[PDB]
């Protein structure tokens, strides 16, 4: 699914996920968030299962963005964990965790959780 | 916190997280899980905030492992999202999401969630 | 939103959530899962914000089902945490945690997480 | 585990969870948070497995608090999902989701996730 994953994806919020899937299982690219303390593109990196099951299962993957670029630093990082589902209407279905750097006293409220669905076509 | 994050970390389960923090915000290394459908080391890659706040907050970071190596393939990927807290008892406090590749019918039960705490000394 | 929340709701899997919202903030009712080690209805209880903000924000709520009834016991419990959004196409948007009883050795894989969206029409 | 669960529990933050476990699987009681937009006690309700496995497994349970009482209203609700592990040093190990009421535009940042461990003795 190197070819299937590589490309430009869009989530339900209007964020843009630009990714290349390497033959070795690497994910590289850029993320631009339509929401939050974010401007322009941020580096991402991750991994995917480069030899998925041949039984109709999805392809497991995940990636991270730290929310620092040349424009802004939100002192936070999001990880997306999910699976790629191929076909006519290909999708990456994810859940995510966004951790902010906090003091120890505020660490209980450090992490947001959500879910993003990416498609090859904008909404 | 490049020097502080770079090195060998151990979680509460006895897993080993070997990481290098790059000047550019990259995380690269290997993970060895003490539990689950896993043997030996797996590639990891992620990101950290390379210019964190100077107010005593932690340093946000995250990384991904896809559970495929030369020995085994669990058709799954884990992402850790958390923060590095420096000092005498340095720690990385994380929450994680483990997504397995599934059929669409089983996608509701695709993703496990948990929390791991890493220290520079083994338990 | 007592009136708005009380009733029968359906999620994207075809599960059925039957709830009464009490004036005091209680949620009581039954849940029937279309998936998993489940059959028929299970008791639920939870809570909701009975005096929500007047600024167009949703209404926070949550509830629990332990997956034991007279038919089956899956030795697990799910909690839904979310908000009610009123209007012509009312919805309850949730994220959930399903914890199974495990040995200590297996506790790292005890808990599934997911998200369910409920509407008043199937 | 009716007897084992019923009573007063304390988490790592100093919060107090006062619960009665009913023969029918009900959980009832009060919660007092040591942190956040909270003062005094809040109603809780939930459920537990009243016929757990006899194989050394924990006892699944969960409960909800809506953060409204006579003193304050944080327009939010937390659910704890976890298991009771009996014995000397009995514990309830949980993960939680805190959802705030939000506008639709802010719904992506509505929900915090974390983990709390409760014991029968205070920290």
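Residue numbers in this text run from 1 along the chain shown.
The way this entry was determined, per its header, is X-ray crystallography, 1.6 Å.
Backbone N, Cα and C atoms are what each Cβ position is placed from, and that goes for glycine too.
Around residue B:80 (biotin binding site), taking its Cβ as the centre, 32 other Cβ atoms fall within 10 Å, counting all chains. The annotation biotin binding site is assigned in Swiss-Prot to B:31, B:42, B:80, B:96, B:108.
Note: B:108, taken in sequence order from the binding-site residues B:31, B:42, B:96, B:108, have a C-beta within a distance under 8 Å of a chain C C-beta. Using a 10 Å Cβ-Cβ cutoff, residue B:42 (biotin binding site) registers 25 neighbours. DSSP assigns residue B:80 (biotin binding site) to a strand in the three-state reduction.
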